[PDB]
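Engineer: Quick one: the structure is below, questions incoming.
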Amino acid sequence: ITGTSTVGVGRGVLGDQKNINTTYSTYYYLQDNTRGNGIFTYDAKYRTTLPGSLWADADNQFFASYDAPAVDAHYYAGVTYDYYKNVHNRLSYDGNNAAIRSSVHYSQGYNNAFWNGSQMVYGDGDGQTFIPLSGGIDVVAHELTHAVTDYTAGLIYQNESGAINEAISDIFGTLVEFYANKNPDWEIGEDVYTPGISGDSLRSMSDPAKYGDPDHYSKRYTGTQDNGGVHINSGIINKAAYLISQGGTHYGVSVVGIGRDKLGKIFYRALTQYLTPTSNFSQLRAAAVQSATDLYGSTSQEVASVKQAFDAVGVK
Ligand SMILES: [Ca+2]
Ligand SMILES: [Ca+2]
Ligand SMILES: [Ca+2]
Ligand SMILES: [Ca+2]
Ligand SMILES: [Zn+2]
């Protein structure tokens, strides 16, 4: 829409009040002109035609319950935008300030969210397994991060390259969570998963096995389900990432944590300069060690921790 940049206010899914960047032209649209070539939020209106219609509001106030998923999808895309730009000097997902678009209210009772090749899509959940999935900043950043991957490494969505693809989204989703610094953790999706059960989550990076995911190569899934276990086997890599940052002793192998900023730096580099569409785990090991070397010296602690971490998850 051509119009003037304005600022609306509303409440997100969890009931928090936030300001959002809107665009005015008769109606107030969920169109943020303050970030790259824009952030654009649409209403799929319980259907599956995408992206749907650019979100339109009469008064620039977004406090209705129907509005809440849109408020959050819009705002957290912005937050994720600023993480990549401020932290990795990356302008949107293609690196050239591509427009970021999101649709909410996708289908009915849809317990998921995803990147479809062109845009982010968020269901409202069935209210039992999930509440609207854009309520989770780690979920939003996970999904936009798939855009980053597709444009960089382009890790094929299957088997080990696919489990790396998923881990990368989980890792950057968490780092963005930490960045906004609101109840951050190394769990995925806890903010919108099972509103009836407290303390749980979709996946854990710190201990993948809490939800049956593997935390060592030797427990890798090799079946055909989940595109070859892309959301399963990512636990092995998420664990490595966790340990690289936070440290610990896993199956008796000790890792000195180097903190999440360095993790972030090492894995963005790996993602942007060494990983390829068909990279496997062992190849990820090599990319990250080289990334760390590039960054802090072949004999740095950073390099040594990265090795320790991959050792601990059984990845040579
Ligand atoms: Ca309104
Ligand atoms: Ca959290
Ligand atoms: Ca989280
Ligand atoms: Ca829950
Ligand atoms: Zn994903």
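Ordering of the structure tokens sets the chain letters (A, B, ...), residue numbers begin anew at 1 in every chain, and ligands are numbered from 1 in the order given.
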Using only C-alpha atoms and all ligand atoms, which residues have at least one atom no more than 9 Å from ligand 1? Output them as a PDB file with C-alpha atoms, in the first residue's frame.
Structural biologist:
ATOM      1  CA  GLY A  10      -2.538  -3.495  20.584  1.00  0.00           C
ATOM      2  CA  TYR A  28      -4.536   1.267   8.944  1.00  0.00           C
ATOM      3  CA  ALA A  56      -6.710  -3.705   7.538  1.00  0.00           C
ATOM      4  CA  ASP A  57      -7.878  -1.926  10.675  1.00  0.00           C
ATOM      5  CA  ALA A  58     -10.073   1.121  10.920  1.00  0.00           C
ATOM      6  CA  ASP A  59      -8.609   2.818  13.962  1.00  0.00           C
ATOM      7  CA  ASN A  60      -5.013   1.640  14.445  1.00  0.00           C
ATOM      8  CA  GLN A  61      -5.959  -0.082  17.695  1.00  0.00           C
ATOM      9  CA  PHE A  62      -5.455  -3.850  17.776  1.00  0.00           C
ATOM     10  CA  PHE A  63      -6.883  -5.129  21.058  1.00  0.00           C
ATOM     11  CA  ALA A  64      -9.461  -7.554  19.745  1.00  0.00           C
ATOM     12  CA  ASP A  67      -6.154  -9.212  16.200  1.00  0.00           C
TER      13      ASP A  67
END
Engineer: Could you make a table, as a Markdown table, of the residues of chain A that have an atom within 7 Å of an atom of ligand 5, each with its nearest atom pair and distance in Å to one decimal, counting only C-alpha atoms and all ligand atoms, in chain and number order?
Structural biologist:
| residue | atom | partner | partner_atom_place_in_ligand_line | distance |
| --- | --- | --- | --- | --- |
| A:114 | CA | ligand 5 | 1 (Zn) | 6.8 |
| A:142 | CA | ligand 5 | 1 (Zn) | 6.2 |
| A:143 | CA | ligand 5 | 1 (Zn) | 5.9 |
| A:146 | CA | ligand 5 | 1 (Zn) | 6.7 |
| A:166 | CA | ligand 5 | 1 (Zn) | 4.9 |
| A:169 | CA | ligand 5 | 1 (Zn) | 6.0 |
Engineer: Pick out the closest residue to residue 313 (chain A) from this set: A:39, A:244, A:70, A:176. Count only C-alpha atoms.
Structural biologist: A:244
Engineer: What are the closest atom pairs, with distances in Å to one decimal, for all residues of chain A lying within 9 Å of ligand 2? Consider only C-alpha atoms and all ligand atoms, order rows by chain and residue number, and present the result as CSV.
Structural biologist:
residue,atom,partner,partner_atom_place_in_ligand_line,distance
A:136,CA,ligand 2,1 (Ca),8.0
A:137,CA,ligand 2,1 (Ca),8.1
A:138,CA,ligand 2,1 (Ca),7.7
A:174,CA,ligand 2,1 (Ca),8.3
A:177,CA,ligand 2,1 (Ca),6.8
A:178,CA,ligand 2,1 (Ca),8.3
A:181,CA,ligand 2,1 (Ca),8.7
A:182,CA,ligand 2,1 (Ca),6.6
A:183,CA,ligand 2,1 (Ca),4.4
A:184,CA,ligand 2,1 (Ca),4.0
A:185,CA,ligand 2,1 (Ca),4.9
A:186,CA,ligand 2,1 (Ca),7.6
A:187,CA,ligand 2,1 (Ca),7.0
A:188,CA,ligand 2,1 (Ca),7.8
A:189,CA,ligand 2,1 (Ca),7.7
A:190,CA,ligand 2,1 (Ca),6.3
A:191,CA,ligand 2,1 (Ca),6.2
Engineer: Please determine, counting only C-alpha atoms, which residue among A:160, A:293, A:46, A:210 has the shortest atom-to-atom distance to residue 279 (chain A).
Structural biologist: A:160
